[PDB]
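**Q** Pasting entry.cif here (mmCIF, N, CA and C atoms):
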data_input
#
loop_
_atom_site.group_PDB
_atom_site.id
_atom_site.type_symbol
_atom_site.label_atom_id
_atom_site.label_comp_id
_atom_site.auth_asym_id
_atom_site.auth_seq_id
_atom_site.Cartn_x
_atom_site.Cartn_y
_atom_site.Cartn_z
ATOM 1 N N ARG X 1 8.579 1.037 1.912
ATOM 2 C CA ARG X 1 9.633 1.172 0.865
ATOM 3 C C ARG X 1 9.174 0.573 -0.467
ATOM 4 N N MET X 2 9.677 1.130 -1.571
ATOM 5 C CA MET X 2 9.314 0.653 -2.907
ATOM 6 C C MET X 2 10.209 -0.510 -3.348
ATOM 7 N N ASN X 3 11.533 -0.295 -3.317
ATOM 8 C CA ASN X 3 12.550 -1.304 -3.685
ATOM 9 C C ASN X 3 11.993 -2.723 -3.958
ATOM 10 N N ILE X 4 12.051 -3.614 -2.957
ATOM 11 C CA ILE X 4 11.586 -4.999 -3.107
ATOM 12 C C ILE X 4 10.208 -5.123 -3.735
ATOM 13 N N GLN X 5 9.211 -4.487 -3.127
ATOM 14 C CA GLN X 5 7.851 -4.578 -3.629
ATOM 15 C C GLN X 5 7.776 -4.070 -5.068
ATOM 16 N N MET X 6 8.579 -3.048 -5.350
ATOM 17 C CA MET X 6 8.666 -2.445 -6.672
ATOM 18 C C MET X 6 9.157 -3.474 -7.695
ATOM 19 N N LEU X 7 10.112 -4.301 -7.268
ATOM 20 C CA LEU X 7 10.690 -5.341 -8.106
ATOM 21 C C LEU X 7 9.793 -6.587 -8.147
ATOM 22 N N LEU X 8 9.229 -6.970 -6.996
ATOM 23 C CA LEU X 8 8.326 -8.131 -6.924
ATOM 24 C C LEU X 8 7.160 -7.973 -7.894
ATOM 25 N N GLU X 9 6.452 -6.842 -7.789
ATOM 26 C CA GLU X 9 5.316 -6.559 -8.668
ATOM 27 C C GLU X 9 5.695 -6.800 -10.126
ATOM 28 N N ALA X 10 6.971 -6.560 -10.450
ATOM 29 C CA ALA X 10 7.480 -6.773 -11.799
ATOM 30 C C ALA X 10 7.162 -8.175 -12.276
ATOM 31 N N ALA X 11 7.630 -9.174 -11.521
ATOM 32 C CA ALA X 11 7.406 -10.570 -11.868
ATOM 33 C C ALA X 11 5.965 -10.813 -12.296
ATOM 34 N N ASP X 12 5.018 -10.464 -11.420
ATOM 35 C CA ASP X 12 3.593 -10.636 -11.710
ATOM 36 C C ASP X 12 3.243 -10.073 -13.088
ATOM 37 N N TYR X 13 3.927 -8.996 -13.473
ATOM 38 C CA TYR X 13 3.704 -8.356 -14.764
ATOM 39 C C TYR X 13 4.427 -9.103 -15.882
ATOM 40 N N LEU X 14 5.714 -9.388 -15.686
ATOM 41 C CA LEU X 14 6.486 -10.111 -16.698
ATOM 42 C C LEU X 14 5.936 -11.527 -16.878
ATOM 43 N N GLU X 15 5.340 -12.083 -15.811
ATOM 44 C CA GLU X 15 4.781 -13.438 -15.861
ATOM 45 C C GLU X 15 3.819 -13.611 -17.038
ATOM 46 N N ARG X 16 2.914 -12.649 -17.218
ATOM 47 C CA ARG X 16 1.949 -12.702 -18.317
ATOM 48 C C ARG X 16 2.633 -12.430 -19.658
ATOM 49 N N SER O 1 -0.807 4.756 -6.070
ATOM 50 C CA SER O 1 -1.143 5.605 -7.248
ATOM 51 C C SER O 1 -0.911 7.090 -6.953
ATOM 52 N N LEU O 2 0.355 7.453 -6.745
ATOM 53 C CA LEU O 2 0.729 8.837 -6.458
ATOM 54 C C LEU O 2 1.609 9.400 -7.575
ATOM 55 N N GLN O 3 2.120 10.617 -7.379
ATOM 56 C CA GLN O 3 2.978 11.255 -8.375
ATOM 57 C C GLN O 3 4.376 10.637 -8.364
ATOM 58 N N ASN O 4 4.585 9.639 -9.223
ATOM 59 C CA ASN O 4 5.878 8.965 -9.319
ATOM 60 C C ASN O 4 6.831 9.749 -10.221
ATOM 61 N N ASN O 5 8.102 9.354 -10.219
ATOM 62 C CA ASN O 5 9.113 10.022 -11.036
ATOM 63 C C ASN O 5 10.295 9.096 -11.314
ATOM 64 N N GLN O 6 10.884 9.243 -12.502
ATOM 65 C CA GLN O 6 12.026 8.427 -12.912
ATOM 66 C C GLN O 6 11.686 6.935 -12.857
ATOM 67 N N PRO O 7 11.091 6.397 -13.941
ATOM 68 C CA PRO O 7 10.718 4.978 -14.021
ATOM 69 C C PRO O 7 11.926 4.047 -14.188
ATOM 70 N N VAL O 8 13.139 4.613 -14.167
ATOM 71 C CA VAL O 8 14.363 3.827 -14.313
ATOM 72 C C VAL O 8 14.506 2.812 -13.178
ATOM 73 N N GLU O 9 14.147 3.218 -11.956
ATOM 74 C CA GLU O 9 14.233 2.334 -10.793
ATOM 75 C C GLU O 9 13.318 1.121 -10.963
ATOM 76 N N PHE O 10 12.051 1.383 -11.291
ATOM 77 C CA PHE O 10 11.069 0.321 -11.497
ATOM 78 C C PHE O 10 11.467 -0.550 -12.689
ATOM 79 N N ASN O 11 11.659 0.089 -13.845
ATOM 80 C CA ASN O 11 12.047 -0.612 -15.070
ATOM 81 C C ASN O 11 13.337 -1.420 -14.873
ATOM 82 N N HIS O 12 14.253 -0.898 -14.050
ATOM 83 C CA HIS O 12 15.524 -1.575 -13.774
ATOM 84 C C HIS O 12 15.278 -2.954 -13.164
ATOM 85 N N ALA O 13 14.551 -2.987 -12.044
ATOM 86 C CA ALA O 13 14.230 -4.247 -11.376
ATOM 87 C C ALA O 13 13.382 -5.126 -12.284
ATOM 88 N N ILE O 14 12.426 -4.498 -12.966
ATOM 89 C CA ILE O 14 11.537 -5.181 -13.893
ATOM 90 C C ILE O 14 12.319 -6.003 -14.910
ATOM 91 N N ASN O 15 13.115 -5.320 -15.726
ATOM 92 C CA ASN O 15 13.926 -5.986 -16.733
ATOM 93 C C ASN O 15 14.898 -6.969 -16.076
ATOM 94 N N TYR O 16 15.310 -6.665 -14.840
ATOM 95 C CA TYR O 16 16.198 -7.549 -14.091
ATOM 96 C C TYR O 16 15.478 -8.863 -13.781
ATOM 97 N N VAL O 17 14.199 -8.765 -13.390
ATOM 98 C CA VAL O 17 13.395 -9.950 -13.096
ATOM 99 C C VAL O 17 13.328 -10.845 -14.334
ATOM 100 N N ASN O 18 13.320 -10.219 -15.522
ATOM 101 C CA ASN O 18 13.280 -10.960 -16.781
ATOM 102 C C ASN O 18 14.499 -11.875 -16.883
ATOM 103 N N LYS O 19 15.684 -11.323 -16.590
ATOM 104 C CA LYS O 19 16.925 -12.103 -16.608
ATOM 105 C C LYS O 19 16.760 -13.341 -15.745
ATOM 106 N N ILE O 20 16.257 -13.103 -14.542
ATOM 107 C CA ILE O 20 16.016 -14.140 -13.557
ATOM 108 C C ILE O 20 14.957 -15.130 -14.034
ATOM 109 N N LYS O 21 13.785 -14.613 -14.380
ATOM 110 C CA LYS O 21 12.688 -15.439 -14.872
ATOM 111 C C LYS O 21 13.150 -16.302 -16.051
ATOM 112 N N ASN O 22 13.874 -15.678 -16.983
ATOM 113 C CA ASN O 22 14.398 -16.369 -18.162
ATOM 114 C C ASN O 22 15.503 -17.356 -17.782
ATOM 115 N N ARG O 23 16.491 -16.882 -17.015
ATOM 116 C CA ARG O 23 17.610 -17.722 -16.580
ATOM 117 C C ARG O 23 17.102 -18.952 -15.829
ATOM 118 N N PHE O 24 16.102 -18.747 -14.969
ATOM 119 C CA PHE O 24 15.509 -19.840 -14.202
ATOM 120 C C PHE O 24 14.215 -20.305 -14.878
ATOM 121 N N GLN O 25 14.243 -20.357 -16.218
ATOM 122 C CA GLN O 25 13.091 -20.774 -17.019
ATOM 123 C C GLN O 25 12.478 -22.061 -16.470
ATOM 124 N N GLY O 26 13.323 -23.078 -16.279
ATOM 125 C CA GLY O 26 12.861 -24.345 -15.743
ATOM 126 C C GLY O 26 13.128 -24.454 -14.254
ATOM 127 N N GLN O 27 13.045 -23.317 -13.560
ATOM 128 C CA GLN O 27 13.286 -23.264 -12.127
ATOM 129 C C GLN O 27 12.183 -22.490 -11.415
ATOM 130 N N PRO O 28 10.967 -23.058 -11.359
ATOM 131 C CA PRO O 28 9.841 -22.419 -10.677
ATOM 132 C C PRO O 28 10.142 -22.200 -9.194
ATOM 133 N N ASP O 29 11.062 -23.010 -8.653
ATOM 134 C CA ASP O 29 11.462 -22.905 -7.257
ATOM 135 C C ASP O 29 12.248 -21.622 -7.009
ATOM 136 N N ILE O 30 13.065 -21.222 -7.989
ATOM 137 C CA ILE O 30 13.876 -20.017 -7.870
ATOM 138 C C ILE O 30 13.026 -18.767 -7.982
ATOM 139 N N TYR O 31 12.232 -18.711 -9.041
ATOM 140 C CA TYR O 31 11.375 -17.560 -9.290
ATOM 141 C C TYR O 31 10.391 -17.375 -8.135
ATOM 142 N N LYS O 32 9.718 -18.458 -7.742
ATOM 143 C CA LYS O 32 8.778 -18.412 -6.623
ATOM 144 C C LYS O 32 9.499 -18.036 -5.330
ATOM 145 N N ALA O 33 10.597 -18.743 -5.038
ATOM 146 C CA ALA O 33 11.389 -18.486 -3.835
ATOM 147 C C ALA O 33 11.857 -17.036 -3.777
ATOM 148 N N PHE O 34 12.491 -16.577 -4.858
ATOM 149 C CA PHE O 34 12.999 -15.207 -4.945
ATOM 150 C C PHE O 34 11.916 -14.201 -4.563
ATOM 151 N N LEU O 35 10.734 -14.339 -5.157
ATOM 152 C CA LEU O 35 9.622 -13.443 -4.848
ATOM 153 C C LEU O 35 9.254 -13.534 -3.366
ATOM 154 N N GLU O 36 9.124 -14.763 -2.856
ATOM 155 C CA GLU O 36 8.799 -14.981 -1.444
ATOM 156 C C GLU O 36 9.871 -14.370 -0.543
ATOM 157 N N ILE O 37 11.124 -14.407 -1.005
ATOM 158 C CA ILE O 37 12.247 -13.843 -0.262
ATOM 159 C C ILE O 37 12.014 -12.358 -0.004
ATOM 160 N N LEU O 38 11.739 -11.624 -1.080
ATOM 161 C CA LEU O 38 11.461 -10.193 -0.997
ATOM 162 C C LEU O 38 10.200 -9.968 -0.172
ATOM 163 N N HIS O 39 9.143 -10.690 -0.544
ATOM 164 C CA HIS O 39 7.850 -10.601 0.144
ATOM 165 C C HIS O 39 7.979 -10.875 1.648
ATOM 166 N N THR O 40 8.893 -11.763 2.043
ATOM 167 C CA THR O 40 9.092 -12.043 3.467
ATOM 168 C C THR O 40 9.512 -10.744 4.150
ATOM 169 N N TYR O 41 10.467 -10.064 3.520
ATOM 170 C CA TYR O 41 10.975 -8.778 3.985
ATOM 171 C C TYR O 41 9.845 -7.740 4.075
ATOM 172 N N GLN O 42 9.129 -7.538 2.960
ATOM 173 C CA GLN O 42 8.026 -6.568 2.903
ATOM 174 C C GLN O 42 6.932 -6.859 3.937
ATOM 175 N N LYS O 43 6.590 -8.141 4.120
ATOM 176 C CA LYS O 43 5.545 -8.530 5.073
ATOM 177 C C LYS O 43 5.897 -8.129 6.504
ATOM 178 N N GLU O 44 7.119 -8.444 6.943
ATOM 179 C CA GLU O 44 7.555 -8.111 8.305
ATOM 180 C C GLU O 44 7.310 -6.635 8.624
ATOM 181 N N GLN O 45 7.467 -5.762 7.623
ATOM 182 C CA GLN O 45 7.201 -4.334 7.812
ATOM 183 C C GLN O 45 5.729 -4.165 8.152
ATOM 184 N N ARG O 46 4.906 -4.896 7.401
ATOM 185 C CA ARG O 46 3.455 -4.901 7.590
ATOM 186 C C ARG O 46 3.114 -5.456 8.974
ATOM 187 N N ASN O 47 3.830 -6.518 9.364
ATOM 188 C CA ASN O 47 3.637 -7.168 10.659
ATOM 189 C C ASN O 47 3.785 -6.170 11.807
ATOM 190 N N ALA O 48 4.879 -5.403 11.791
ATOM 191 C CA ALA O 48 5.136 -4.398 12.825
ATOM 192 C C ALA O 48 3.968 -3.421 12.954
ATOM 193 N N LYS O 49 3.399 -3.028 11.812
ATOM 194 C CA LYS O 49 2.272 -2.099 11.787
ATOM 195 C C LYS O 49 1.024 -2.725 12.413
ATOM 196 N N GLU O 50 0.738 -3.976 12.040
ATOM 197 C CA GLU O 50 -0.428 -4.696 12.558
ATOM 198 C C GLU O 50 -0.351 -4.881 14.076
ATOM 199 N N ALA O 51 0.865 -5.076 14.594
ATOM 200 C CA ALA O 51 1.069 -5.264 16.031
ATOM 201 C C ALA O 51 0.795 -3.981 16.823
ATOM 202 N N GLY O 52 0.758 -2.836 16.131
ATOM 203 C CA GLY O 52 0.508 -1.567 16.796
ATOM 204 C C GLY O 52 1.776 -0.754 17.010
ATOM 205 N N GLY O 53 2.929 -1.428 17.000
ATOM 206 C CA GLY O 53 4.198 -0.747 17.200
ATOM 207 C C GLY O 53 5.177 -1.571 18.018
ATOM 208 N N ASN O 54 4.651 -2.358 18.963
ATOM 209 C CA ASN O 54 5.482 -3.202 19.820
ATOM 210 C C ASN O 54 5.825 -4.521 19.121
ATOM 211 N N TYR O 55 6.569 -4.428 18.019
ATOM 212 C CA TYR O 55 6.969 -5.608 17.252
ATOM 213 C C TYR O 55 8.144 -5.300 16.328
ATOM 214 N N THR O 56 9.235 -6.042 16.494
ATOM 215 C CA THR O 56 10.401 -5.870 15.638
ATOM 216 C C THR O 56 10.325 -6.860 14.471
ATOM 217 N N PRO O 57 10.673 -6.419 13.252
ATOM 218 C CA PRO O 57 10.629 -7.269 12.053
ATOM 219 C C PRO O 57 11.637 -8.416 12.106
ATOM 220 N N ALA O 58 11.257 -9.550 11.519
ATOM 221 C CA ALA O 58 12.107 -10.740 11.497
ATOM 222 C C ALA O 58 12.904 -10.872 10.191
ATOM 223 N N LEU O 59 13.126 -9.753 9.493
ATOM 224 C CA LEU O 59 13.888 -9.762 8.243
ATOM 225 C C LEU O 59 14.499 -8.406 7.944
ATOM 226 N N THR O 60 15.478 -8.450 7.061
ATOM 227 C CA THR O 60 16.177 -7.273 6.577
ATOM 228 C C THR O 60 16.729 -7.601 5.200
ATOM 229 N N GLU O 61 17.388 -6.650 4.553
ATOM 230 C CA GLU O 61 17.970 -6.928 3.248
ATOM 231 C C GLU O 61 18.894 -8.149 3.351
ATOM 232 N N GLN O 62 19.378 -8.411 4.578
ATOM 233 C CA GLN O 62 20.248 -9.550 4.857
ATOM 234 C C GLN O 62 19.532 -10.876 4.588
ATOM 235 N N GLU O 63 18.252 -10.994 4.993
ATOM 236 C CA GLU O 63 17.502 -12.224 4.746
ATOM 237 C C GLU O 63 17.192 -12.346 3.262
ATOM 238 N N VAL O 64 16.890 -11.204 2.656
ATOM 239 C CA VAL O 64 16.560 -11.134 1.243
ATOM 240 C C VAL O 64 17.733 -11.604 0.385
ATOM 241 N N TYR O 65 18.868 -10.918 0.507
ATOM 242 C CA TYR O 65 20.073 -11.288 -0.231
ATOM 243 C C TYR O 65 20.505 -12.717 0.110
ATOM 244 N N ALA O 66 20.280 -13.120 1.365
ATOM 245 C CA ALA O 66 20.657 -14.455 1.833
ATOM 246 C C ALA O 66 19.996 -15.563 1.014
ATOM 247 N N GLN O 67 18.662 -15.589 1.011
ATOM 248 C CA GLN O 67 17.917 -16.609 0.273
ATOM 249 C C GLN O 67 18.127 -16.477 -1.238
ATOM 250 N N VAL O 68 18.224 -15.237 -1.730
ATOM 251 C CA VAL O 68 18.440 -14.991 -3.159
ATOM 252 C C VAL O 68 19.808 -15.520 -3.594
ATOM 253 N N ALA O 69 20.835 -15.234 -2.789
ATOM 254 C CA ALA O 69 22.197 -15.690 -3.072
ATOM 255 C C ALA O 69 22.260 -17.209 -3.259
ATOM 256 N N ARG O 70 21.372 -17.935 -2.571
ATOM 257 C CA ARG O 70 21.323 -19.394 -2.666
ATOM 258 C C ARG O 70 20.775 -19.822 -4.023
ATOM 259 N N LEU O 71 19.779 -19.086 -4.505
ATOM 260 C CA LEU O 71 19.159 -19.361 -5.797
ATOM 261 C C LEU O 71 20.128 -19.119 -6.960
ATOM 262 N N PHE O 72 20.873 -18.013 -6.880
ATOM 263 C CA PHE O 72 21.793 -17.606 -7.937
ATOM 264 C C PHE O 72 23.213 -18.163 -7.769
ATOM 265 N N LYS O 73 23.321 -19.448 -7.423
ATOM 266 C CA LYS O 73 24.626 -20.095 -7.253
ATOM 267 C C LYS O 73 25.535 -19.880 -8.470
ATOM 268 N N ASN O 74 25.253 -20.582 -9.577
ATOM 269 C CA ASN O 74 26.071 -20.456 -10.792
ATOM 270 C C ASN O 74 25.642 -19.283 -11.697
ATOM 271 N N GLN O 75 25.076 -18.229 -11.097
ATOM 272 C CA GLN O 75 24.661 -17.036 -11.844
ATOM 273 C C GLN O 75 24.936 -15.774 -11.023
ATOM 274 N N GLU O 76 26.165 -15.686 -10.505
ATOM 275 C CA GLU O 76 26.610 -14.545 -9.697
ATOM 276 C C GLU O 76 26.346 -13.199 -10.386
ATOM 277 N N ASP O 77 26.202 -13.212 -11.716
ATOM 278 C CA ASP O 77 25.951 -11.985 -12.474
ATOM 279 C C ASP O 77 24.602 -11.388 -12.087
ATOM 280 N N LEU O 78 23.539 -12.190 -12.193
ATOM 281 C CA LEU O 78 22.201 -11.735 -11.819
ATOM 282 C C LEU O 78 22.205 -11.189 -10.386
ATOM 283 N N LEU O 79 22.986 -11.828 -9.505
ATOM 284 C CA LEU O 79 23.095 -11.395 -8.108
ATOM 285 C C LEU O 79 23.703 -9.998 -8.013
ATOM 286 N N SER O 80 24.711 -9.730 -8.846
ATOM 287 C CA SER O 80 25.364 -8.422 -8.867
ATOM 288 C C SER O 80 24.335 -7.319 -9.119
ATOM 289 N N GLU O 81 23.421 -7.577 -10.059
ATOM 290 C CA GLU O 81 22.359 -6.630 -10.399
ATOM 291 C C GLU O 81 21.418 -6.424 -9.204
ATOM 292 N N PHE O 82 21.117 -7.526 -8.505
ATOM 293 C CA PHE O 82 20.223 -7.516 -7.342
ATOM 294 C C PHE O 82 20.651 -6.500 -6.280
ATOM 295 N N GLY O 83 21.913 -6.588 -5.850
ATOM 296 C CA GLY O 83 22.435 -5.696 -4.819
ATOM 297 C C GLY O 83 22.208 -4.210 -5.088
ATOM 298 N N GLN O 84 22.047 -3.827 -6.359
ATOM 299 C CA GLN O 84 21.828 -2.419 -6.711
ATOM 300 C C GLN O 84 20.498 -1.890 -6.164
ATOM 301 N N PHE O 85 19.553 -2.793 -5.895
ATOM 302 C CA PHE O 85 18.245 -2.408 -5.363
ATOM 303 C C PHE O 85 18.265 -2.396 -3.834
ATOM 304 N N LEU O 86 19.090 -3.269 -3.253
ATOM 305 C CA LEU O 86 19.214 -3.381 -1.812
ATOM 306 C C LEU O 86 20.673 -3.688 -1.433
ATOM 307 N N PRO O 87 21.332 -2.753 -0.721
ATOM 308 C CA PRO O 87 22.736 -2.863 -0.334
ATOM 309 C C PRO O 87 22.986 -3.253 1.117
ATOM 310 N N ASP O 88 21.919 -3.493 1.832
ATOM 311 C CA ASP O 88 21.997 -3.865 3.248
ATOM 312 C C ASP O 88 22.148 -5.380 3.427
ATOM 313 N N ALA O 89 23.084 -5.975 2.686
ATOM 314 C CA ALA O 89 23.329 -7.414 2.766
ATOM 315 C C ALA O 89 24.690 -7.780 2.175
#
Output the structure of this file as structure tokens.
**A**
Amino acid sequence: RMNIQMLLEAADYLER
Amino acid sequence: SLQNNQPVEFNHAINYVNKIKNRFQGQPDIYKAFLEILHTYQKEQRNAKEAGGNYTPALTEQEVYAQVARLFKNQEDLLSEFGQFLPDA
């Protein structure tokens, strides 16, 4: 599923 | 890296994480925990696969929303947005 992982990956991106 | 469509879903959670990341600016425990919460869910799916098939996952949207709900005590708003991605909790 994308949902959670789709949102988690976000953080790693917004983090920078 | 496949043919994706409608970036609203991704962008939705993305910008949502910003609210969280920003709201919990001085809360590395929340941001880290929240991610681990989701990741716990995602991993269990992986776990079942690694076992070959004879393995039931130890998480569901219930565990995800559960730990997240604890982080967003005085920020029920951010939580409202969360449920839109996962309603099984």
**Q** So that I can check the surroundings of residue O:18, please list as a PyMOL selection string every protein, DNA and RNA residue that reaches within 8 Å of it, counting only C-alpha atoms and ignoring chain neighbours fewer than 3 positions away.
**A** (chain X and resi 11+14) or (chain O and resi 14-15+21-22)
**Q** Name the residues captured by the PyMOL selection byres ((chain O) within 6 of (chain X)) when it is applied to the shown file; answer as a list in words.
**A**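 The output of the PyMOL selection byres ((chain O) within 6 of (chain X)) on this file is residues 10, 13, 14, 35, 38 and 85 of chain O.
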**Q** Build an axis-aligned box that encloses every atom of stretch 54-65 of chain O listed in the file, pad it by 8 Å on each side, and report its centre and edge lengths in Å to one decimal, as AutoDock Vina command-line options.
**A**
--center_x 12.6 --center_y -7.5 --center_z 9.8 --size_x 31.9 --size_y 26.4 --size_z 36.1
**Q** Grab the atom CA of residue O:44 to atom CA of residue O:23 distance for me, in Å with one decimal place.
**A**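 A separation of 28.5 Å between them.
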**Q** Could you state which residues are captured by the PyMOL selection byres (((chain O and resi 77-80 and name CA) around 9) and name CA) in this file, as number ranges by chain?
**A** O: 16, 19-20, 23, 65, 68-69, 72-76, 81-84
**Q** Take atom C of residue O:4 and atom C of residue O:58 and report the distance between them in Å, one decimal.
**A**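 Going from atom C of residue O:4 over to atom C of residue O:58, I get 29.6 Å.
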